[PDB]
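Engineer: Please find protein.cif (mmCIF, C-alpha atoms and all ligand atoms) on the next line:
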data_model
#
loop_
_atom_site.label_atom_id
_atom_site.label_comp_id
_atom_site.auth_asym_id
_atom_site.auth_seq_id
_atom_site.Cartn_x
_atom_site.Cartn_y
_atom_site.Cartn_z
CA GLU A 1 257.47 271.03 96.62
CA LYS A 2 258.98 268.21 94.55
CA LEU A 3 256.23 265.60 94.84
CA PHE A 4 254.60 267.14 91.78
CA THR A 5 257.63 267.28 89.53
CA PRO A 6 258.55 264.75 86.83
CA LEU A 7 260.91 261.87 87.27
CA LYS A 8 262.50 259.64 84.64
CA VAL A 9 261.87 256.02 85.64
CA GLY A 10 263.75 253.76 83.27
CA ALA A 11 262.00 253.82 79.92
CA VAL A 12 259.08 256.06 80.98
CA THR A 13 258.71 259.50 82.52
CA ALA A 14 256.41 259.98 85.53
CA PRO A 15 254.83 263.47 85.73
CA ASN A 16 254.85 263.36 89.54
CA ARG A 17 256.39 261.42 92.43
CA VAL A 18 253.12 260.07 93.90
CA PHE A 19 253.04 256.38 93.02
CA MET A 20 250.36 253.77 93.62
CA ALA A 21 251.79 250.88 95.59
CA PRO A 22 251.06 247.26 94.61
CA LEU A 23 247.80 246.24 96.34
CA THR A 24 246.35 242.74 96.40
CA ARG A 25 242.57 243.13 96.20
CA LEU A 26 241.50 239.51 95.31
CA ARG A 27 238.79 240.41 92.80
CA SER A 28 239.85 238.34 89.79
CA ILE A 29 237.64 235.76 88.08
CA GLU A 30 237.99 232.14 88.98
CA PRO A 31 238.43 229.73 87.23
CA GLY A 32 241.34 231.19 85.38
CA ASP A 33 242.65 234.00 87.68
CA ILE A 34 241.46 236.47 85.05
CA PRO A 35 241.50 240.27 85.44
CA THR A 36 238.09 241.84 85.03
CA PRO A 37 236.52 245.00 83.58
CA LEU A 38 235.91 246.13 87.13
CA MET A 39 239.63 245.90 87.79
CA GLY A 40 240.14 247.88 84.59
CA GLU A 41 237.92 250.65 85.95
CA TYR A 42 239.70 250.73 89.33
CA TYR A 43 243.09 251.22 87.68
CA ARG A 44 241.72 253.78 85.20
CA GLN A 45 240.35 255.82 88.09
CA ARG A 46 243.90 255.99 89.48
CA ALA A 47 245.73 256.82 86.22
CA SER A 48 246.88 260.28 87.39
CA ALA A 49 249.38 258.41 89.61
CA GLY A 50 252.96 259.15 88.64
CA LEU A 51 253.18 255.38 88.20
CA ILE A 52 250.66 252.63 88.97
CA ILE A 53 252.20 249.41 90.31
CA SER A 54 249.67 246.60 89.97
CA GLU A 55 248.52 244.05 92.49
CA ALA A 56 250.85 241.08 92.79
CA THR A 57 250.32 238.91 89.69
CA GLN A 58 251.22 235.24 89.29
CA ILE A 59 254.04 234.28 86.92
CA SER A 60 252.61 230.75 86.68
CA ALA A 61 249.79 228.66 88.08
CA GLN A 62 252.22 227.21 90.64
CA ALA A 63 252.94 230.80 91.78
CA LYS A 64 249.39 231.13 93.12
CA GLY A 65 248.89 231.56 96.87
CA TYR A 66 245.68 233.62 97.12
CA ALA A 67 242.27 233.00 95.62
CA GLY A 68 241.25 235.97 93.45
CA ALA A 69 244.80 237.13 92.65
CA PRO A 70 245.40 237.43 88.87
CA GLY A 71 247.94 235.70 86.67
CA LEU A 72 249.97 236.79 83.65
CA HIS A 73 250.73 233.32 82.22
CA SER A 74 247.67 232.30 80.16
CA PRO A 75 246.25 233.64 76.88
CA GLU A 76 243.07 234.83 78.58
CA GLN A 77 245.04 236.63 81.29
CA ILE A 78 247.21 238.37 78.68
CA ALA A 79 244.09 239.43 76.72
CA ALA A 80 242.42 240.84 79.81
CA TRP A 81 245.50 242.72 81.05
CA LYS A 82 245.80 244.20 77.55
CA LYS A 83 242.46 245.91 78.05
CA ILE A 84 243.51 247.17 81.49
CA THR A 85 246.80 248.79 80.34
CA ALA A 86 244.98 250.27 77.35
CA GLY A 87 242.53 252.00 79.67
CA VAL A 88 245.35 253.41 81.81
CA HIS A 89 247.12 254.69 78.71
CA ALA A 90 243.91 256.16 77.33
CA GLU A 91 243.99 258.32 80.49
CA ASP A 92 247.70 259.20 79.95
CA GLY A 93 248.85 256.96 82.81
CA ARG A 94 251.73 254.51 83.29
CA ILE A 95 251.46 251.03 84.82
CA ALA A 96 253.91 248.40 86.01
CA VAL A 97 252.94 244.79 86.68
CA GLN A 98 254.15 243.39 89.99
CA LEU A 99 255.16 239.74 89.32
CA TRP A 100 255.35 237.18 92.10
CA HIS A 101 255.65 233.58 93.06
CA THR A 102 254.11 233.05 96.54
CA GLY A 103 256.20 229.96 97.43
CA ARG A 104 255.24 228.62 100.82
CA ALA A 105 252.69 231.38 101.45
CA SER A 106 250.05 229.28 99.76
CA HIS A 107 247.65 226.35 100.17
CA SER A 108 247.50 222.97 98.42
CA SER A 109 243.86 223.50 97.46
CA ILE A 110 244.82 226.20 94.91
CA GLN A 111 248.00 224.53 93.67
CA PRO A 112 248.11 222.52 90.44
CA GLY A 113 246.87 218.99 91.18
CA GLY A 114 246.21 220.14 94.76
CA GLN A 115 249.74 219.24 95.83
CA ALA A 116 251.93 221.07 98.31
CA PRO A 117 253.41 224.44 97.35
CA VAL A 118 257.13 224.93 96.82
CA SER A 119 259.80 226.91 98.69
CA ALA A 120 263.54 227.03 99.34
CA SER A 121 263.08 224.71 102.31
CA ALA A 122 260.31 222.52 103.78
CA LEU A 123 259.24 224.95 106.51
CA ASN A 124 255.67 226.11 107.01
CA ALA A 125 255.10 229.89 106.89
CA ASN A 126 252.99 229.49 110.05
CA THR A 127 250.66 232.17 108.75
CA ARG A 128 247.42 232.32 106.75
CA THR A 129 246.48 233.02 103.15
CA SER A 130 243.15 234.11 101.69
CA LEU A 131 241.02 231.53 99.86
CA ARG A 132 237.38 231.67 98.70
CA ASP A 133 234.41 229.83 100.16
CA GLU A 134 231.68 228.18 98.16
CA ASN A 135 229.96 231.57 97.79
CA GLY A 136 233.14 233.21 96.51
CA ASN A 137 233.77 235.15 99.71
CA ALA A 138 237.28 235.58 101.01
CA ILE A 139 238.28 233.42 103.98
CA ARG A 140 241.54 232.94 105.92
CA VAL A 141 243.22 229.54 105.93
CA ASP A 142 246.44 228.26 107.47
CA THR A 143 249.30 227.86 105.01
CA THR A 144 250.29 224.37 103.78
CA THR A 145 253.80 223.11 104.61
CA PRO A 146 255.86 223.40 101.42
CA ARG A 147 258.18 221.03 99.56
CA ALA A 148 261.76 222.27 99.04
CA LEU A 149 262.55 222.88 95.40
CA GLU A 150 264.92 220.41 93.84
CA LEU A 151 268.13 221.94 92.45
CA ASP A 152 267.00 220.96 88.94
CA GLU A 153 263.69 222.81 89.35
CA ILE A 154 265.30 226.24 89.90
CA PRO A 155 265.96 226.90 86.16
CA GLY A 156 262.22 226.51 85.59
CA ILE A 157 261.45 229.16 88.20
CA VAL A 158 263.84 231.58 86.47
CA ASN A 159 262.22 230.71 83.16
CA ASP A 160 258.73 231.38 84.53
CA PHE A 161 259.76 234.88 85.54
CA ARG A 162 261.33 235.38 82.11
CA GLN A 163 258.21 234.25 80.32
CA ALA A 164 255.93 236.37 82.51
CA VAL A 165 258.00 239.46 81.63
CA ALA A 166 257.71 238.67 77.92
CA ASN A 167 253.92 238.36 78.46
CA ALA A 168 253.95 241.68 80.33
CA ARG A 169 255.56 243.39 77.37
CA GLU A 170 252.92 241.94 75.06
CA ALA A 171 250.17 243.02 77.50
CA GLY A 172 251.25 246.65 77.22
CA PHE A 173 252.74 247.25 80.67
CA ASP A 174 255.30 250.07 80.83
CA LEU A 175 257.49 248.30 83.40
CA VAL A 176 257.64 245.15 85.55
CA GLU A 177 258.27 244.99 89.29
CA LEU A 178 259.78 241.79 90.65
CA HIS A 179 258.23 240.88 94.02
CA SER A 180 261.31 240.05 96.09
CA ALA A 181 259.70 241.14 99.37
CA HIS A 182 257.23 240.25 102.13
CA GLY A 183 258.09 236.58 102.62
CA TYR A 184 257.16 235.36 99.12
CA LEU A 185 259.34 232.98 97.13
CA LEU A 186 262.28 235.21 96.23
CA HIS A 187 262.46 236.54 99.78
CA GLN A 188 262.20 232.98 101.10
CA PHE A 189 265.54 232.32 99.37
CA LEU A 190 267.05 235.66 100.56
CA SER A 191 266.28 235.03 104.26
CA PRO A 192 268.29 232.62 106.44
CA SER A 193 265.12 231.97 108.48
CA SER A 194 263.30 230.39 105.58
CA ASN A 195 266.27 229.06 103.61
CA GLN A 196 268.16 226.11 105.09
CA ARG A 197 269.53 224.78 101.81
CA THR A 198 273.06 223.37 101.65
CA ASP A 199 273.49 223.66 97.87
CA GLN A 200 274.65 226.82 96.17
CA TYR A 201 271.27 228.52 96.79
CA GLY A 202 271.61 228.59 100.56
CA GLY A 203 274.05 229.58 103.23
CA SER A 204 276.10 232.64 102.36
CA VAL A 205 274.35 235.85 101.30
CA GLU A 206 275.90 235.31 97.85
CA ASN A 207 274.12 231.96 97.72
CA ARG A 208 270.87 233.30 99.17
CA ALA A 209 270.72 236.17 96.55
CA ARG A 210 271.69 233.82 93.74
CA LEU A 211 268.15 233.07 92.61
CA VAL A 212 266.93 236.69 92.70
CA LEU A 213 269.95 237.84 90.69
CA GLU A 214 269.47 235.05 88.12
CA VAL A 215 265.88 236.25 87.74
CA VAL A 216 266.97 239.86 87.28
CA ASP A 217 269.53 238.89 84.66
CA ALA A 218 266.98 236.72 82.84
CA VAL A 219 264.33 239.43 82.65
CA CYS A 220 266.83 242.18 81.67
CA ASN A 221 267.90 239.94 78.78
CA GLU A 222 264.31 239.15 77.77
CA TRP A 223 263.16 242.76 77.65
CA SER A 224 265.49 245.56 78.75
CA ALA A 225 267.04 246.66 82.03
CA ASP A 226 265.28 250.04 81.75
CA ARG A 227 261.95 248.18 82.08
CA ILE A 228 262.77 246.23 85.26
CA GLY A 229 262.09 247.28 88.83
CA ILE A 230 262.39 245.26 92.04
CA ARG A 231 260.59 245.39 95.40
CA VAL A 232 262.55 244.33 98.46
CA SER A 233 261.74 244.41 102.18
CA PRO A 234 265.27 243.72 103.48
CA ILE A 235 265.15 245.33 106.96
CA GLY A 236 262.83 243.92 109.61
CA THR A 237 260.43 241.01 109.74
CA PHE A 238 257.60 240.32 107.24
CA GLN A 239 255.08 237.41 107.36
CA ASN A 240 257.43 235.60 109.81
CA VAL A 241 260.40 235.90 107.45
CA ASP A 242 263.07 238.06 109.05
CA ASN A 243 266.19 239.23 107.23
CA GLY A 244 268.64 237.62 109.55
CA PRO A 245 271.28 238.89 111.92
CA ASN A 246 273.32 240.74 109.30
CA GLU A 247 270.33 242.28 107.58
CA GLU A 248 271.92 245.66 106.86
CA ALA A 249 275.15 244.28 105.37
CA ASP A 250 273.22 241.66 103.35
CA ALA A 251 270.88 244.33 102.02
CA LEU A 252 273.75 246.45 100.76
CA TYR A 253 275.32 243.42 99.08
CA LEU A 254 272.10 242.77 97.19
CA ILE A 255 271.66 246.43 96.31
CA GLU A 256 275.21 246.66 94.92
CA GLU A 257 274.55 243.61 92.76
CA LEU A 258 271.25 245.02 91.50
CA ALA A 259 272.97 248.25 90.56
CA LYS A 260 275.37 246.44 88.27
CA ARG A 261 272.40 245.50 86.09
CA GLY A 262 271.32 249.07 85.47
CA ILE A 263 267.66 248.47 86.28
CA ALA A 264 264.95 251.08 86.33
CA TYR A 265 264.25 251.19 90.03
CA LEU A 266 264.59 249.90 93.57
CA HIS A 267 261.36 249.88 95.57
CA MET A 268 261.86 249.49 99.31
CA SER A 269 259.00 248.29 101.52
CA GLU A 270 260.28 249.69 104.78
CA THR A 271 258.02 248.08 107.40
CA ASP A 272 255.14 245.63 107.29
CA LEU A 273 251.68 246.84 108.28
CA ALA A 274 252.24 245.98 111.98
CA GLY A 275 255.26 248.33 112.19
CA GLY A 276 259.01 248.10 112.60
CA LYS A 277 261.94 250.34 113.34
CA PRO A 278 262.42 253.20 110.87
CA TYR A 279 265.29 253.43 108.45
CA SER A 280 268.17 255.61 109.65
CA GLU A 281 269.28 258.42 107.41
CA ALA A 282 272.72 256.77 107.48
CA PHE A 283 271.33 253.52 106.04
CA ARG A 284 269.39 255.51 103.46
CA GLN A 285 272.65 257.24 102.47
CA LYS A 286 274.34 253.83 102.16
CA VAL A 287 271.54 252.62 99.87
CA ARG A 288 271.54 255.85 97.85
CA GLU A 289 275.27 255.70 97.05
CA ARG A 290 274.99 252.03 95.94
CA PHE A 291 272.05 252.38 93.55
CA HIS A 292 272.00 254.83 90.63
CA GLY A 293 268.41 254.30 89.50
CA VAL A 294 265.16 255.55 90.98
CA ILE A 295 264.53 254.66 94.64
CA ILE A 296 260.89 254.38 95.75
CA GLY A 297 260.08 254.40 99.45
CA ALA A 298 256.93 252.84 100.95
CA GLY A 299 255.36 252.14 104.33
CA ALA A 300 252.95 254.44 106.18
CA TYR A 301 254.43 257.43 104.41
CA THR A 302 252.85 260.84 104.52
CA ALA A 303 253.25 263.53 101.90
CA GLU A 304 255.35 265.42 104.46
CA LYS A 305 257.76 262.54 104.92
CA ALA A 306 258.03 261.96 101.22
CA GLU A 307 258.84 265.65 100.60
CA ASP A 308 261.44 265.59 103.35
CA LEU A 309 263.28 262.55 102.02
CA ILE A 310 263.07 263.51 98.35
CA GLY A 311 264.36 267.01 99.24
CA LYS A 312 267.20 265.39 101.16
CA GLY A 313 268.01 263.45 98.01
CA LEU A 314 267.61 260.06 99.66
CA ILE A 315 264.63 258.80 97.63
CA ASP A 316 262.97 259.80 94.34
CA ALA A 317 259.33 258.79 94.71
CA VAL A 318 256.88 257.45 97.29
CA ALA A 319 254.39 254.65 96.87
CA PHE A 320 251.15 254.97 98.85
CA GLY A 321 249.02 251.90 99.45
CA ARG A 322 245.97 252.46 101.59
CA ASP A 323 245.61 256.14 100.72
CA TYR A 324 245.37 255.00 97.03
CA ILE A 325 242.74 252.41 97.86
CA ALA A 326 240.62 255.15 99.27
CA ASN A 327 241.53 258.11 96.98
CA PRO A 328 241.61 257.53 93.23
CA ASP A 329 242.70 261.16 92.74
CA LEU A 330 245.25 261.10 95.57
CA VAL A 331 247.60 263.21 93.43
CA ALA A 332 245.12 266.07 93.07
CA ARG A 333 244.15 265.82 96.74
CA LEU A 334 247.74 266.03 97.90
CA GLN A 335 248.40 268.90 95.52
CA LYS A 336 245.44 270.88 96.79
CA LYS A 337 245.74 269.75 100.44
CA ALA A 338 242.20 268.46 100.26
CA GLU A 339 240.89 266.00 102.77
CA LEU A 340 241.04 262.29 102.03
CA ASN A 341 238.19 259.79 101.85
CA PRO A 342 238.02 257.51 104.92
CA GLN A 343 239.32 253.97 104.49
CA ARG A 344 237.00 250.95 104.70
CA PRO A 345 239.40 248.14 105.51
CA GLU A 346 236.71 245.42 105.56
CA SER A 347 236.59 245.59 101.75
CA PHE A 348 240.32 245.72 100.99
CA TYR A 349 240.31 242.02 100.14
CA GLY A 350 237.71 240.32 97.97
CA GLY A 351 234.23 241.34 97.14
CA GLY A 352 233.17 243.51 94.26
CA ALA A 353 232.67 247.17 93.43
CA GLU A 354 231.87 248.21 97.02
CA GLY A 355 235.08 249.39 98.65
CA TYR A 356 236.90 249.19 95.30
CA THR A 357 235.53 251.59 92.69
CA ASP A 358 233.09 253.61 94.87
CA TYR A 359 235.60 255.92 96.59
CA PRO A 360 234.79 259.24 94.92
CA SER A 361 237.05 261.69 93.20
CA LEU A 362 236.79 265.36 94.11
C1 LIG B 1 245.27 245.48 101.07
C2 LIG B 1 246.73 245.52 100.82
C3 LIG B 1 247.25 244.79 99.80
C4 LIG B 1 248.62 244.77 99.57
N1 LIG B 1 249.14 244.04 98.51
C5 LIG B 1 250.51 244.11 98.23
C6 LIG B 1 250.99 243.45 97.08
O1 LIG B 1 250.23 242.84 96.32
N2 LIG B 1 252.33 243.51 96.84
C7 LIG B 1 253.17 244.17 97.69
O2 LIG B 1 254.40 244.19 97.43
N3 LIG B 1 252.68 244.86 98.75
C8 LIG B 1 251.34 244.83 99.02
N4 LIG B 1 250.85 245.56 100.07
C9 LIG B 1 251.79 246.42 100.85
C10 LIG B 1 251.56 247.80 100.20
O3 LIG B 1 251.97 247.83 98.85
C11 LIG B 1 252.23 249.05 100.85
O4 LIG B 1 253.65 248.91 100.80
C12 LIG B 1 251.69 249.16 102.27
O5 LIG B 1 250.28 249.32 102.24
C13 LIG B 1 252.23 250.23 103.22
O6 LIG B 1 251.93 251.48 102.76
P1 LIG B 1 250.70 252.46 103.18
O7 LIG B 1 250.75 252.87 104.65
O8 LIG B 1 250.87 253.58 102.21
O9 LIG B 1 249.51 251.64 102.93
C14 LIG B 1 249.47 245.54 100.34
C15 LIG B 1 248.95 246.27 101.40
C16 LIG B 1 247.55 246.28 101.63
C17 LIG B 1 246.92 247.06 102.77
#
Let's see the structure in the file written out as structure tokens.

Structural biologist:
Amino acid sequence: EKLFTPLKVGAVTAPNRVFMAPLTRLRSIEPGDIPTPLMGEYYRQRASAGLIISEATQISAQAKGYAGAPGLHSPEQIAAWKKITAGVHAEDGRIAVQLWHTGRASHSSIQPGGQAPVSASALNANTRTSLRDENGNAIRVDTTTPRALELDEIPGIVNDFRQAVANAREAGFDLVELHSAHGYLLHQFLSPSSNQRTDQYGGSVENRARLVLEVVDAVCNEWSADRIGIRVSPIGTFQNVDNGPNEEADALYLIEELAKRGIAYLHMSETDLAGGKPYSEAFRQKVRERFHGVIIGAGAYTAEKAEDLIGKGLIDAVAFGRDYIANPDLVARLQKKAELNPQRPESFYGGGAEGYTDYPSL
């Protein structure tokens, strides 16, 4: 077994390969998108993870697309995250903050001034986001058609990522994960389906990756490359954003460019929740030889599959999502081949302690 053996991940060392995937749970305080003590307890319960990757966290107020998702841009958000990372470290854990901008996957009613959200192009996501009703309960709402970013607004987006990473360092996170997956802003630029720009940020794959690579360079400079990870979902379709007709070649281009920056890790979200075709070993070999940091695999993995691919040398760690919602001590359970708690999907999003902190440990 290798799942239970250490792994150097940039500036930290994970004691095992069983990672907690980033999981939006929509339990933050509003007004203010503020992490809560309850959220602190949830992450503390899961601190035996080789690495915790947080729920997607806004880099700015504009970044917001979901009611109840936290930010890492205001003083109160920084103060509250500081308590959460402290609790994880008190339990000898490690935690990364996943940083996003939701772009078009958003609604005007939670944007600053209530105006339309922004994207690479003015194309509706044709999906839904999660808002809150007048009783604070989560509800689904159709996404608002976005406004295309002006060329002269793109430096500000890069700066907002940079500032969020500086805030993350102050808040005590061990690493940051850039959310370049799942149809959110960075992926909206990467994909030809969502990006119809005719300036240097659209068209060729070089142009489409331009923004994500500017963001990587800016956050490596702000902190250090050995603190930066990135999540991509470059094969298949996610939230109606596909990766285009040259998805494999374009993915390897981006991965080669990321490797030049020396970053801590590449986290691949392999399929969305509704399924997709599995990665070939050949494509995994092509990724592996292009990236010389840690590679994390995710998407309906089992322990068996993770052991197989780590033993084949194709990935280094696995991130589990839903099994970590339901099993705070997933590591111990996998080590002992104990049974898992059953999942209660009706309480994945929103709500309070029920379905969040009441899944027992062994
Ligand atoms: C409730 C829920 C919330 C999620 N939130 C995020 C998120 O905030 N960021 C992200 O990159 N992926 C998110 N995901 C995708 C998961 O991180 C993970 O890749 C996915 O659940 C597939 O793995 P699994 O079968 O182990 O759950 C979420 C998935 C679920 C079910």

Engineer: Would you compute the distance between CA of residue 51 (chain A) and CA of residue 309 (chain A)? Give it in Å to one decimal.

Structural biologist: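 Going from CA of residue 51 (chain A) over to CA of residue 309 (chain A), I get 18.6 Å.
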
Engineer: Would you compute the distance between CA of residue 255 (chain A) and CA of residue 286 (chain A)? Give it in Å to one decimal.

Structural biologist: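 Separating CA of residue 255 (chain A) from CA of residue 286 (chain A) is a distance of 9.8 Å.
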
Engineer: Would you pick out the contacts of residue 307 (chain A) at 8 Å or less, using all atoms listed in the file, so that residues sharing its chain but fewer than 2 positions from it are not included, and give the list as a PyMOL selection string?

Structural biologist: chain A and resi 1-3+303-305+309-311

Engineer: Draw an axis-aligned box over all listed atoms of ligand LIG 1 (chain B), pad each side with 8 Å, and write its centre and edge lengths in Å, one decimal, as JSON.

Structural biologist:
{"center_x": 249.8, "center_y": 248.2, "center_z": 100.5, "size_x": 25.1, "size_y": 26.7, "size_z": 24.3}

Engineer: Return as a tab-separated table the residues of chain A lying at most 10 Å from ligand LIG 1 (chain B), together with the closest atom-to-atom pair for each and the distance in Å to one decimal, counting all atoms listed in the file, with rows in chain order and ascending residue number.

Structural biologist:
residue	atom	partner	partner_atom	distance
A:19	CA	B:LIG1	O8	9.8
A:20	CA	B:LIG1	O3	8.1
A:21	CA	B:LIG1	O3	4.5
A:22	CA	B:LIG1	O3	4.4
A:23	CA	B:LIG1	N1	3.4
A:24	CA	B:LIG1	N1	3.7
A:25	CA	B:LIG1	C1	6.0
A:26	CA	B:LIG1	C3	9.0
A:53	CA	B:LIG1	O3	8.7
A:54	CA	B:LIG1	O1	7.4
A:55	CA	B:LIG1	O1	4.4
A:56	CA	B:LIG1	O1	4.0
A:57	CA	B:LIG1	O1	7.7
A:69	CA	B:LIG1	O1	8.7
A:98	CA	B:LIG1	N2	7.1
A:99	CA	B:LIG1	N2	8.9
A:100	CA	B:LIG1	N2	8.5
A:177	CA	B:LIG1	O2	9.0
A:178	CA	B:LIG1	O2	9.0
A:179	CA	B:LIG1	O2	6.1
A:180	CA	B:LIG1	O2	8.2
A:181	CA	B:LIG1	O2	6.4
A:182	CA	B:LIG1	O2	6.8
A:183	CA	B:LIG1	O2	9.9
A:184	CA	B:LIG1	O2	9.4
A:230	CA	B:LIG1	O2	9.7
A:231	CA	B:LIG1	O2	6.6
A:232	CA	B:LIG1	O2	8.2
A:233	CA	B:LIG1	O2	8.7
A:267	CA	B:LIG1	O2	9.2
A:268	CA	B:LIG1	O4	8.4
A:269	CA	B:LIG1	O4	5.4
A:270	CA	B:LIG1	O4	7.8
A:271	CA	B:LIG1	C13	7.5
A:272	CA	B:LIG1	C13	6.8
A:273	CA	B:LIG1	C13	6.1
A:274	CA	B:LIG1	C13	9.7
A:275	CA	B:LIG1	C13	9.7
A:297	CA	B:LIG1	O4	8.6
A:298	CA	B:LIG1	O4	5.1
A:299	CA	B:LIG1	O6	3.8
A:300	CA	B:LIG1	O7	3.1
A:301	CA	B:LIG1	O8	5.7
A:302	CA	B:LIG1	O8	7.9
A:318	CA	B:LIG1	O8	8.7
A:319	CA	B:LIG1	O8	6.5
A:320	CA	B:LIG1	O8	3.6
A:321	CA	B:LIG1	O9	3.5
A:322	CA	B:LIG1	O9	3.9
A:323	CA	B:LIG1	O8	6.0
A:324	CA	B:LIG1	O8	7.7
A:325	CA	B:LIG1	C1	8.0
A:345	CA	B:LIG1	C1	7.8
A:346	CA	B:LIG1	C1	9.7
A:347	CA	B:LIG1	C1	8.7
A:348	CA	B:LIG1	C1	5.0
A:349	CA	B:LIG1	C1	6.1
A:350	CA	B:LIG1	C1	9.7

Engineer: I need the residue nearest residue 284 (chain A) from this list: A:160, A:217, A:316, A:170. Use all atoms listed in the file for the distance.

Structural biologist: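 Nearest to residue 284 (chain A): A:316.
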
Engineer: One decimal, in Å: what's the spacing between CA of residue 198 (chain A) and CA of residue 102 (chain A)?

Structural biologist: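 CA of residue 102 (chain A) lies at a distance of 21.9 Å from CA of residue 198 (chain A).
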
Engineer: Show which residues sit within 8 Å of residue 240 (chain A), as a ChimeraX atom specification. Count only C-alpha atoms, and ignore same-chain residues fewer than 4 positions away.

Structural biologist: /A:125-127,183
